[PDB]
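K.L.:
Sharing protein.pdb, PDB, C-alpha atoms:
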```pdb
ATOM      1  CA  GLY A   1     -19.555   0.365  -4.985  1.00  0.00           C
ATOM      2  CA  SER A   2     -20.323   3.160  -2.542  1.00  0.00           C
ATOM      3  CA  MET A   3     -17.715   5.469  -4.054  1.00  0.00           C
ATOM      4  CA  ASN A   4     -17.835   5.894  -7.822  1.00  0.00           C
ATOM      5  CA  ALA A   5     -14.370   5.289  -9.233  1.00  0.00           C
ATOM      6  CA  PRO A   6     -14.867   6.726 -12.789  1.00  0.00           C
ATOM      7  CA  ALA A   7     -16.627   9.825 -11.457  1.00  0.00           C
ATOM      8  CA  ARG A   8     -13.910  10.352  -8.844  1.00  0.00           C
ATOM      9  CA  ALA A   9     -11.231  10.830 -11.503  1.00  0.00           C
ATOM     10  CA  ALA A  10     -13.501  12.666 -13.939  1.00  0.00           C
ATOM     11  CA  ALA A  11     -14.969  15.221 -11.534  1.00  0.00           C
ATOM     12  CA  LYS A  12     -11.614  15.501  -9.751  1.00  0.00           C
ATOM     13  CA  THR A  13     -10.641  18.542 -11.828  1.00  0.00           C
ATOM     14  CA  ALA A  14     -13.920  20.257 -10.923  1.00  0.00           C
ATOM     15  CA  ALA A  15     -13.391  19.492  -7.240  1.00  0.00           C
ATOM     16  CA  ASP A  16      -9.814  20.731  -7.608  1.00  0.00           C
ATOM     17  CA  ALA A  17     -10.906  24.108  -8.954  1.00  0.00           C
ATOM     18  CA  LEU A  18     -13.616  24.421  -6.310  1.00  0.00           C
ATOM     19  CA  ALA A  19     -11.055  23.564  -3.632  1.00  0.00           C
ATOM     20  CA  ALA A  20      -9.373  26.858  -4.503  1.00  0.00           C
ATOM     21  CA  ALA A  21     -12.469  28.808  -3.472  1.00  0.00           C
ATOM     22  CA  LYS A  22     -13.341  26.415  -0.645  1.00  0.00           C
ATOM     23  CA  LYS A  23      -9.874  27.168   0.705  1.00  0.00           C
ATOM     24  CA  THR A  24     -10.719  30.865   1.060  1.00  0.00           C
ATOM     25  CA  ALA A  25     -14.103  29.978   2.559  1.00  0.00           C
ATOM     26  CA  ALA A  26     -12.393  27.986   5.306  1.00  0.00           C
ATOM     27  CA  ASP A  27      -9.554  30.513   5.501  1.00  0.00           C
ATOM     28  CA  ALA A  28     -11.999  33.310   6.339  1.00  0.00           C
ATOM     29  CA  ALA A  29     -12.940  31.331   9.439  1.00  0.00           C
ATOM     30  CA  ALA A  30      -9.487  29.983  10.313  1.00  0.00           C
ATOM     31  CA  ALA A  31      -7.630  33.286   9.910  1.00  0.00           C
ATOM     32  CA  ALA A  32     -10.350  34.960  11.970  1.00  0.00           C
ATOM     33  CA  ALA A  33      -9.521  32.585  14.807  1.00  0.00           C
ATOM     34  CA  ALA A  34      -5.777  32.038  14.536  1.00  0.00           C
ATOM     35  CA  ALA A  35      -4.752  35.686  14.470  1.00  0.00           C
TER      36      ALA A  35
END
```
If you convert what's in this file into structure tokens, what do you get?
P.N.:
Amino acid sequence: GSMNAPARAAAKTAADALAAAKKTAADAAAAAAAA
């Protein structure tokens, strides 16, 4: 059980919200290259 199944679904919402900010973090790099 390398990946935790219960935790995956539970913390999913937290990861979802953080993916919003992580998007901009990656975007700052990507948009600085592909411009």
K.L.:
What is the distance between atom CA of residue 34 of chain A and atom CA of residue 16 of chain A, in Å to one decimal?
P.N.:
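Straight-line distance from atom CA of residue 34 of chain A to atom CA of residue 16 of chain A works out to 25.2 Å.
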K.L.:
Take atom CA of residue 2 of chain A and atom CA of residue 15 of chain A and report the distance between them in Å, one decimal.
P.N.:
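About the pair atom CA of residue 2 of chain A and atom CA of residue 15 of chain A: they are 18.4 Å apart.
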K.L.:
How far is it from atom CA of residue 24 of chain A to atom CA of residue 8 of chain A, in Å with one decimal?
P.N.:
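Separation between atom CA of residue 24 of chain A and atom CA of residue 8 of chain A: 23.0 Å.
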K.L.:
How big is the axis-aligned box around the listed atoms of segment 4-15 of chain A once 3 Å is added on each side, and where is its centre? Give both in Å to one decimal, as lines of an AutoDock Vina configuration file.
P.N.:
```
center_x = -14.2
center_y = 12.8
center_z = -10.6
size_x = 13.2
size_y = 21.0
size_z = 12.7
```
